[PDB]
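A.B. asks: Take a look at this one; I'll ask things after.
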Amino acid sequence: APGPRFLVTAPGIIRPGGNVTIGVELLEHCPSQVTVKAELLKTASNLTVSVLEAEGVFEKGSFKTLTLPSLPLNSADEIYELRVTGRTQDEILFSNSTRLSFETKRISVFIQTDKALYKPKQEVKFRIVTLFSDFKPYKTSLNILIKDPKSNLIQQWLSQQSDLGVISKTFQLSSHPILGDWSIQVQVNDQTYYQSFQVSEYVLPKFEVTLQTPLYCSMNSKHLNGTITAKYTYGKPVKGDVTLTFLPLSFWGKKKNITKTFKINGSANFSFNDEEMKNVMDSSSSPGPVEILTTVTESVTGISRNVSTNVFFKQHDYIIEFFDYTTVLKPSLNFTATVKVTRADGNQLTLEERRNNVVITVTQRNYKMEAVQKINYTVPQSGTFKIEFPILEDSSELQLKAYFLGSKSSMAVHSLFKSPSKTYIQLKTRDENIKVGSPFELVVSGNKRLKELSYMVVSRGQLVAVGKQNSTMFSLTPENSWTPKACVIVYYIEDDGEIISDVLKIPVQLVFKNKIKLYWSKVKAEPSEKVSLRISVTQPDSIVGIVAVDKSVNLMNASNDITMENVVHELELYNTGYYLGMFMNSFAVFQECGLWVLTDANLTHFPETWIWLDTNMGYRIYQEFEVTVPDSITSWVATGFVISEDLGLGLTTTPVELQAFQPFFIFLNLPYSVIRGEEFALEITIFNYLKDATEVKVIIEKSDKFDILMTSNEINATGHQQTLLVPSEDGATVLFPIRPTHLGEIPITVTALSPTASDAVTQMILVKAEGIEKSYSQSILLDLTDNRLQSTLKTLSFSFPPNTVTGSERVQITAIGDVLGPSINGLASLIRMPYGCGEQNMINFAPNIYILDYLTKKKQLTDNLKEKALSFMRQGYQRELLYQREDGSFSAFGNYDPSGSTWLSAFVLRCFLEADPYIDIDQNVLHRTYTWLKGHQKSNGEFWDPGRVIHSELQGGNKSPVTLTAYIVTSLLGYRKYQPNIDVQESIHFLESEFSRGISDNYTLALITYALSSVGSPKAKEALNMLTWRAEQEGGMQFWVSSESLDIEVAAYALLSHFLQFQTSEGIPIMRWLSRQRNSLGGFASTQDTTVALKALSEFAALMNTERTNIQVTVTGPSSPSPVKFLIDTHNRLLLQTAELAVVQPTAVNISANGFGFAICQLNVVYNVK
Ligand SMILES: *[C@@H]1O[C@H](CO)[C@@H](O)[C@H](O)[C@H]1NC(C)=O
Ligand SMILES: *[C@@H]1O[C@H](CO)[C@@H](O)[C@H](O)[C@H]1NC(C)=O
Ligand SMILES: *[C@@H]1O[C@H](CO)[C@@H](O)[C@H](O)[C@H]1NC(C)=O
Ligand SMILES: *[C@@H]1O[C@H](CO)[C@@H](O)[C@H](O)[C@H]1NC(C)=O
Ligand SMILES: *[C@@H]1O[C@H](CO)[C@@H](O)[C@H](O)[C@H]1NC(C)=O
């Protein structure tokens, strides 16, 4: 019979480890039994590999799910197709297949470091937590890699085993590391997960400035008030001078500013009148934010501290906002929204304002006819109130306006979905907070009588629930799989085949069925007191990790710890954006969160860590741990997590606070580092919390490592002690001029004695040497790739200057197995379909082929990217063949242009010379290009370009004829593969004469050096010698100066010249520069330089492409009385192994490598000069 028969829905995505569940519904016109088969196909390269299959039989009137088996996590980005085929017992019913979008996120990985800021020579304690999508533990093998900001692999662990998902590890930082954002990269299966943590020095300011202003402001206010509070670290007020600069941020107009200079004693209040910010609307006209900067300078020290803030300006007396409104119009269905009105200064609204009515105007327009209605509305003390009104069925666009005492606001809805029957259904919820496991209600409202609704719940791009509801009222119980956001899609059919549906996107609060509770023995405890921390876990055989850290981590509001916010962020990262299709309303409401439907029904400050506990409980649901409160006096905060096999993950509901406090103590705001021989100020704050002011004697213990200048009251020891009076419930500061006289970690001990109580604190101070820092670096390549030799000895030496600061010398030696190449994904991003004109084609083509060559010579290929790039440059070769002329010339538009370009001809000639090993290139084309390029040869060997390059970045590359000649010969050098008879000796002599004349520009010199080095001219060695004399080497960083990018091209050509002359060891600093010109932006800027840089790197890889490495590097000599041994193999080839050597003048070492392959050894010397 005619009418609806079936409706099957599926999610549009595919996720490894995600269960592809499809929903099936058969309503009236189906047969008794229908067998639905779901198939997953991996069609790639015309290989329709059917991977996963499922089948299920369903009855009439049954709304059910068919679940495919989970895809394994080892899968990668492949073209995946889902086929659904519903059949009867004797005939087909439907069969269709579609594409599925691939999501790379399959599992959750948390990196939990104890803090986000680390000093040098501190211990980074971290935890790796691997979890399934459903938060069960995930046992797997993984690699951990800790790298410095310069991306040197400084530490690694390989093939670590996750015991119930938790891997607790430590990493000891060096004494003098590279300050910046260190990275922890965890490799699981084939995916990488990152976590950045910063390393820096304290550098404390002695006073801090806080600028209290209202965030929002209006012109009508007479007094725009604000406060500046400059306060010391110990609470004493600061006397000084403040300069206040008020500047509008209207950058279109002038940058005129208001300057106010006056004095401050701790705190000072300022007020602005209306005549000062008039110019803000005279410079430009709605008012935007304005920047207020305060510069506070102390009168006695002159230390200037600058603090900036932004203040928004509002054009109205009050500000009005709307929320809880549907973005799509639903006619004939009461519209509801919520309005909040608040004051311009941000203060609470007055009772007087509550008496005034808000005028709300609604305009429903059929965009023929329109209806404008007004409604009086009230406002509560909080200001939040709901507004409700019906929508006329003919409304096509709604405009809402709110007015209140001159304060205006407005909004509009233009989106509309067309129902031929004019039937709509609104889905709503009353629960403002939805949790997992707690049932929540749901409302459906409709202008017509409703049938038995069918509801389906989707989350994480997976259809997680289905069912049928007979009422217009129903409650649902969310589960863990529903989080973080859930689409509830309700629908029902009509007799004419119309399908009427509605969505509701609800956030779901997550609560774990596994629970952890921490209890302190005492809420308040004295320092150095034994305190028992009790942990309670719901289920035994659980692994727990507890972190107890200072409260300044919460003050930072940015940390690496496993908090509820981090889990929510991971869950929102699990989510994906919706996909656009064929735009029809009944399909669009389904596509709102990516559901693909088939049916017939459509016809017609520095923190410190205390506890890093990690315990694998065996049989106990609770345990106790006796710990010691540190001497630091603070409010420790403890949190933790539990992982169990059955329940999964559980988190502490709240942190637990232990206030380590005593009523009388000592504080030192010591600096991170001081310079020896300098008289620095030591401030000691004696804090007293007794009920009486106390006379306290502060004693500084004498030591040989440092001295105290001013004598003390006693004569037995000079500068030994002072005495002061500390007020009750207050801190008193005392000063001491201390001159260090020793390097390294000096102890400083301070003892406060009073009749009531006493205390003593000992601390470390890192005293460094004075002078100006200097660094020297020398690299050497030990090349045991050749099997003829098996040992290689080198000598690295350096002599310190006579004026070196004694004790400031540090000698490091590092060994590495390979240089740092670009990341594979970063280069893969540059692969693209070459389109546009000939120049755009070449721009989008050349990086692809050069990256392919570099990857081939590095042996890190992936088949899918290989075939993608092969198809891409095959199409690019065809497109360039379309742009090839009859004479072999090439141009952007081919024959449309009047004359081809010899420079572009040489570029494309080099391109096919590079492409010849990868595809078949017609040799007649190559000979045509060769003849056309030879036709431009003059008697003296110089060349000339008749063409013109449209693109400026290619046209702008040193248009002088010398570079043109160098480019054509450096393109023609590769024609020796097919035949070596290339007569360019006259051109080589011309270039030699030009070099003899002396060349000023760096890039011309680089191309010259490459040209004469390729042909083995005798002058090429000398040219390279005066090229590297022009190089600028400072601290193992070699590059070249620019005339005004060009630097990369000169560097790459110099590196290629170095390789061609077998001076491989000298190119290492240039290579490091090439390695440091990619980490800043991923790949390489532009496209002209990427080709030469990747060519140089590929040539380097090819020169020592041995796949096996077993090198042992022994460092001996006067600086190394013990032989320092490094082992380099295929596992730790990238590991920047390091060692420290003793100080001896001259500093010289033998480095003897034995084995097979190649290694790079670098000696670094850091010292200080006077
Ligand atoms: C997928 O389904 C299989 C069997 O139907 C089940 O064992 C597995 O737990 C499911 N996957 C998830 C993530 O729930
Ligand atoms: C699915 O395939 C069937 C069978 O060819 C066809 O009738 C139907 O129009 C297709 N639907 C879509 C959305 O491609
Ligand atoms: C507010 O409603 C009152 C009656 O409750 C009426 O006097 C007043 O005119 C309304 N305000 C406006 C602006 O129409
Ligand atoms: C719709 O809104 C109007 C105005 O607030 C109210 O009078 C009416 O009772 C509401 N009724 C429905 C159907 O929600
Ligand atoms: C290195 O080895 C050579 C081998 O003869 C030896 O003479 C020399 O003293 C060693 N040390 C240095 C610094 O060259």
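A.B. asks: Cβ-Cβ under 9 Å, sequence separation 6+ or interchain: first residue in the stretch 275-290 and among the acidic types (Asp, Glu), partner assigned to a loop (DSSP other than H, G, I, E, B). Which pairs?
C.D. replies: Here the result reads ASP282/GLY253; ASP282/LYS254; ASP282/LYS256, each pair linking the stretch 275-290 to a residue that is assigned to a loop (DSSP other than H, G, I, E, B).
A.B. asks: Moving on. When the stretch 969-992 is examined, which residues are found to be touching a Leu at 6+ places or on another chain (Cβ under 6 Å) and crowded, with 20+ Cβ neighbours inside 10 Å?
C.D. replies: If the condition is that a residue be touching a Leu at 6+ places or on another chain (Cβ under 6 Å) and crowded, with 20+ Cβ neighbours inside 10 Å, then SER971 is the only one that fits.
A.B. asks: Could you list, in sequence order, the residues of the stretch 130-155 that are of a type in the set (A, V, I, L, M) and either within 16 Å of ligand 1 (Cβ to nearest atom) or part of a loop (DSSP other than H, G, I, E, B) (or both)?
C.D. replies: Listed by number, the list holds a single entry, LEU131.
A.B. asks: While we're here: For the stretch 50-88, give me the residue count where each residue is away from ligand 2 (no atom under 16 Å from the Cβ), farther than 21 Å from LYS468 by Cβ and aliphatic (A, V, I, L, M).
C.D. replies: 8
A.B. asks: Sort out for me the strands (runs of 3 or more DSSP E) sitting completely within the stretch 1051-1170 that have 2 or more residues that are away from ligand 3 (no atom under 16 Å from the Cβ), farther than 25 Å from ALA846 by Cα and more than 34 Å from the chain's Cα centre (by Cα).
C.D. replies: 1110-1117, 1120-1129, 1147-1154, 1157-1169
A.B. asks: Would you mind stating whether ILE320 is more than 16 Å from ligand 2 (Cβ to nearest atom) and either within 30 Å of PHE272 (Cα to Cα) or not in a strand (DSSP E or B) (or both)?
C.D. replies: The answer is yes for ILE320.
A.B. asks: If a residue has to be surrounded by 14 or more Cβ atoms within 10 Å (Cβ to Cβ) and not polar (S, T, N, Q) to count, how many in the stretch 215-225 make the cut?
C.D. replies: Of the residues in the stretch 215-225, 4 are surrounded by 14 or more Cβ atoms within 10 Å (Cβ to Cβ) and not polar (S, T, N, Q).
A.B. asks: Given the options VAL488, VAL503, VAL568, name the one that is farther than 30 Å from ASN602 by Cβ and of a type in the set (A, V, I, L, M, F, W, C).
C.D. replies: Only one candidate passes the filter, namely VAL568.
A.B. asks: Take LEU972 and tell me if it is in contact with an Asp or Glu (Cβ under 7 Å, 6 or more places away or on another chain) and over 18 Å from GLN1088 (Cβ atoms).
C.D. replies: Criteria not met by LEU972.
A.B. asks: Which one is surrounded by the fewest Cβ atoms within 10 Å (Cβ to Cβ) among residues in the stretch 191-214 that are within 19 Å of the chain's Cα centre (by Cα) and not hydroxyl-bearing (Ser, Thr, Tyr)?
C.D. replies: Among those that are within 19 Å of the chain's Cα centre (by Cα) and not hydroxyl-bearing (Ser, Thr, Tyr), it is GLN198.
A.B. asks: Also, quick follow-up: Which of the residues that make up the stretch 359-383 are assigned to a strand (DSSP E or B) and within 14 Å of ligand 4 (Cβ to nearest atom)?
C.D. replies: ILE360, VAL362, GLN364, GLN373, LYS374, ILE375, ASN376, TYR377 - these are the residues of the stretch 359-383 that are assigned to a strand (DSSP E or B) and within 14 Å of ligand 4 (Cβ to nearest atom).
A.B. asks: Sticking with this one: For the stretch 598-641, which residues satisfy the criterion of being closer than 22 Å to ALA558 by Cα and among the hydrophobic types (A, V, I, L, M, F, W, C)?
C.D. replies: Those that are closer than 22 Å to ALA558 by Cα and among the hydrophobic types (A, V, I, L, M, F, W, C): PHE606, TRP610, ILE611, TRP612, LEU613, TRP636, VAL637, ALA638, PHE641.
A.B. asks: Return the residue satisfying two criteria in turn: it lies in the stretch 13-60 and is among the small types (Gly, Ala, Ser) and surrounded by fewer than 20 Cβ atoms within 10 Å (Cβ to Cβ), and of such residues it is nearest to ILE107 (Cα to Cα). Don't jump to the end; show me each part of the working.
C.D. replies: Kept after step one, since they are among the small types (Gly, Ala, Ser), are these residues of the stretch 13-60: 17-18, 23, 32, 38, 44-45, 50, 54, 56.
Cutting the leftovers down to surrounded by fewer than 20 Cβ atoms within 10 Å (Cβ to Cβ) gives us 17, 32, 44-45, 50, 54, 56.
Values: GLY17: 8, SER32: 41, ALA44: 25, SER45: 29, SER50: 24, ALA54: 24, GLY56: 29 Å.
The residue in question is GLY17.
A.B. asks: Can you find a residue in the stretch 423-445 that is more than 16 Å from ligand 2 (Cβ to nearest atom), basic (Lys, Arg) and outside any strand (DSSP E or B)?
C.D. replies: yes
A.B. asks: Could you tell me whether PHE335 is buried (at least 16 other Cβ atoms within 10 Å of the Cβ) and either more than 16 Å from ligand 2 (Cβ to nearest atom) or among the polar types (S, T, N, Q) (or both)? Before you say what the answer is, go through the steps one by one.
C.D. replies: On the way: buried (at least 16 other Cβ atoms within 10 Å of the Cβ): yes; either more than 16 Å from ligand 2 (Cβ to nearest atom) or among the polar types (S, T, N, Q) (or both): yes.
Spelling it out, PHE335 is indeed buried (at least 16 other Cβ atoms within 10 Å of the Cβ) and either more than 16 Å from ligand 2 (Cβ to nearest atom) or among the polar types (S, T, N, Q) (or both).
A.B. asks: Within the stretch 384-408, which residues are assigned to a strand (DSSP E or B), within 16 Å of ligand 4 (Cβ to nearest atom) and small (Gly, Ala, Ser)?
C.D. replies: Pass one, the stretch 384-408, residues assigned to a strand (DSSP E or B): 384-389, 397-404, 407-408.
Now narrow it down to the ones that are within 16 Å of ligand 4 (Cβ to nearest atom): 385-389, 398, 400, 402.
Within the stretch 384-408, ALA402 is the sole residue that qualifies.
A.B. asks: For a quick check of your reading of the model, give me the residue pairs whose first member lies in the stretch 368-380 and is of a type in the set (A, V, I, L, M, F, W, C), whose second is part of a loop (DSSP other than H, G, I, E, B) and within 13 Å of ligand 4 (Cβ to nearest atom), with beta-carbon atoms closer than 9 Å and at least 6 apart or on different chains.
C.D. replies: Sorted first by the residue in the stretch 368-380, then by its partner, the pairs are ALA371/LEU392.
A.B. asks: Follow-up question, since we're still on this one. Can you report the number of residues in the stretch 1139-1154 which are under 13 Å from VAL1166 (Cα atoms) and either loosely packed, with under 15 Cβ neighbours inside 10 Å or away from ligand 5 (no atom under 13 Å from the Cβ) (or both)?
C.D. replies: 3
A.B. asks: Filter the stretch 707-734 down to residues that are of a type in the set (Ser, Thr, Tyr) and under 11 Å from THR694 (Cα atoms) and give me whichever is surrounded by the most Cβ atoms within 10 Å (Cβ to Cβ).
C.D. replies: If we take residues in the stretch 707-734 being of a type in the set (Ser, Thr, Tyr) and under 11 Å from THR694 (Cα atoms), then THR723 is surrounded by the most Cβ atoms within 10 Å (Cβ to Cβ).
A.B. asks: Quick check on my filter: what residues within the stretch 700-733 are in a loop (DSSP other than H, G, I, E, B) and either hydrophobic (A, V, I, L, M, F, W, C) or over 20 Å from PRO747 (Cα atoms) (or both)?
C.D. replies: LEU709, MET710, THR711, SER712, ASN713, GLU714, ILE715, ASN716, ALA717, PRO727, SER728, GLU729 - these are the residues of the stretch 700-733 that are in a loop (DSSP other than H, G, I, E, B) and either hydrophobic (A, V, I, L, M, F, W, C) or over 20 Å from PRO747 (Cα atoms) (or both).
A.B. asks: Given the structure, is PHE323 more than 16 Å from ligand 5 (Cβ to nearest atom), of a type in the set (A, V, I, L, M, F, W, C) and under 30 Å from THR429 (Cα atoms)?
C.D. replies: Values: more than 16 Å from ligand 5 (Cβ to nearest atom): yes; of a type in the set (A, V, I, L, M, F, W, C): yes; under 30 Å from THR429 (Cα atoms): yes.
Criteria met by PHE323.
A.B. asks: Could you list, ordered by first residue, the pairs with Cβ atoms under 7 Å in which the first is in the stretch 504-518 and under 16 Å from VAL642 (Cα atoms) and the second is aromatic (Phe, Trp, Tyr) and buried (at least 18 other Cβ atoms within 10 Å of the Cβ), at least 6 apart or interchain?
C.D. replies: Note: pairs meeting the criteria are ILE516/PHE641.
A.B. asks: Would you check which residues across the stretch 878-896 are on the phi < 0 side of the Ramachandran plot, surrounded by fewer than 19 Cβ atoms within 10 Å (Cβ to Cβ) and not basic (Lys, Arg) and list them?
C.D. replies: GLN878, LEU881, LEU882, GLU886, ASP887, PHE893, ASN895, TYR896, listed by residue number.
A.B. asks: Which count do you get for residues in the stretch 805-827 that are surrounded by fewer than 18 Cβ atoms within 10 Å (Cβ to Cβ) and either more than 19 Å from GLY1155 (Cβ to Cβ) or within 16 Å of ligand 1 (Cβ to nearest atom) (or both)?
C.D. replies: Qualifying residue count, the stretch 805-827: 8.
A.B. asks: Could you count how many residues in the stretch 89-106 are more than 16 Å from ligand 2 (Cβ to nearest atom) and crowded, with 18+ Cβ neighbours inside 10 Å?
C.D. replies: 2
A.B. asks: Give me the residue from the stretch 440-469 that is within 21 Å of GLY61 (Cα to Cα) and either touching a helix residue (DSSP H, G or I) at 6+ places or on another chain (Cβ under 9 Å) or in the same structural domain as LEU392 (by TED's automatic domain parsing) (or both) and, out of that set, nearest to ligand 3 (Cβ to nearest atom).
C.D. replies: So, considering only residues that are within 21 Å of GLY61 (Cα to Cα) and either touching a helix residue (DSSP H, G or I) at 6+ places or on another chain (Cβ under 9 Å) or in the same structural domain as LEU392 (by TED's automatic domain parsing) (or both), the one nearest to ligand 3 (Cβ to nearest atom) is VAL457.
Because the Cβ atoms are built from the backbone with ideal geometry, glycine has one as well, and the counts that use them run over all protein chains shown. All of this is worked out from the model, or read from it or from the source named; no laboratory read-out is quoted.
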